[PDB]
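**Student:** when you get a sec, could you give me coordinates for this:
(chains A, B, C and D)
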4 protein chains.
Amino acid sequence: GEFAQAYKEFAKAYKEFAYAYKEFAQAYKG
Amino acid sequence: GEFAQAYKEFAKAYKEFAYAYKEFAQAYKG
Amino acid sequence: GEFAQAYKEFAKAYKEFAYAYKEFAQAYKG
Amino acid sequence: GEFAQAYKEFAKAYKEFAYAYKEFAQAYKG
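**Tutor:** Numbering: from 1, shown residues only, chains lettered A, B, ... in the order given. There you are, the coordinates:
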């Protein structure tokens, strides 16, 4: 239902944040 | 410089994630 | 059930992470 | 040096949040 869709959208948002953090950490290290 | 720009992009990514969490919490509470 | 409790624990984890980000941002600015 | 320490504390907070998200996702799947 609607909550299952909301969970999928949140899980995608978590992945987008994890990519941003990985890019940030590389910039700090690099 | 590059690191300052990387920090700005990371800060924007954090805002986008915080909005996704808010939307997720609203969907759970609704 | 268990999921409702897991949501409460995750919400607490989010608040802790949001407070860590706030401290990090102040350290970047300061 | 103080910013370097703040980065380390933020990196630990990110790991703590990633562990919470993993536990939350397991509870949703279970």
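**Student:** flag every residue of chain A that's near chain B.
**Tutor:** Within chain A, the positions adjacent to chain B are A:2-3, A:6-7, A:9-10, A:13-14, A:16-17, A:20-21, A:23-24, A:27-28 by Cβ under 8 Å from any Cβ of the partner chain. C-beta here means a position set from N, CA and C on the backbone, and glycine is covered the same way.
**Student:** and if we set it to 10 Å?
**Tutor:** A:2-3, A:5-7, A:9-14, A:16-21, A:23-28, A:30 (Cβ under 10 Å from any Cβ of the partner chain).
**Student:** can you narrow these down to the ones near chain D?
**Tutor:** Applying Cβ under 10 Å from any Cβ to the residues of chain A next to chain B, those adjacent to chain D are A:3, A:7, A:10-11, A:14, A:17-18, A:21, A:24-25, A:28.
**Student:** let me have those residues in TSV, extended by secondary structure and neighbour count.
**Tutor:** Rendered in TSV, the data for those read as follows (DSSP: H, G, I helix; E, B strand; the rest coil; neighbours: other Cβ atoms under 10 Å in any protein chain shown):
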residue	secondary structure	neighbour count
A:3	helix	13
A:7	helix	16
A:10	helix	22
A:11	helix	14
A:14	helix	18
A:17	helix	21
A:18	helix	15
A:21	helix	19
A:24	helix	21
A:25	helix	16
A:28	helix	14
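**Student:** max pairwise distance over the residues you listed: which two?
**Tutor:** Distances among those were taken as Cβ to Cβ; the most separated pair is A:3 and A:28, at 36.5 Å.
**Student:** contacts for stretch A:5-14, please.
**Tutor:** With contact meaning Cβ atoms under 10 Å, 6 or more residues apart in numbering or on different chains, stretch A:5-14 is reached by B:16-21, B:23-28, B:30, D:17-18, D:21, D:24-25, D:28.
**Student:** correct me, but residue A:4 touches residue D:29?
**Tutor:** No: the criterion here is Cβ atoms under 10 Å, and residue A:4 misses it with residue D:29 at 11.6 Å.
**Student:** that concludes my questions; thank you for your assistance.
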